[PDB]
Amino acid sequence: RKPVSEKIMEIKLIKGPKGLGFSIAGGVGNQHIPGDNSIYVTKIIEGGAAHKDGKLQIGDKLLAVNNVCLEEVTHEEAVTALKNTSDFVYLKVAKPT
């Protein structure tokens, strides 16, 4: 019932041989946290693109991929967005604060 603040940040990632180097959970019908439909980052691979860049963190909400908004979408819709990317990907995330 108290206010919850987030910091909104854009992160540009360049894929490596193993892709972006993180995992997502969440989505409408696939809640990562009860009552929350957000897409969440849940894993970051050591040595991967997200790791080396150093901005993305476990616990971050994934708000968008490129021009595709991921607020209140299904896990499948989030995956579809991430699948349809080139070697350069712009993520919009919300970090706890």
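Residue indices: 1-based, along the sequence shown.
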message: Can you tell me whether 19-27 has a higher mean C-alpha B factor than 83-91 in this record, or the other way round?
response: 83-91
statement: With B-factors read from the PDB entry, the higher C-alpha mean of 28-36 and 56-64 is in 28-36
- prompt: What third of its chain, lowest, middle or highest, does the C-alpha temperature factor of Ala78 fall into?
  reply: middle
- request: Going by the recorded CA B-factors, say which third of the chain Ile45 sits in, lowest, middle or highest.
  value: lowest
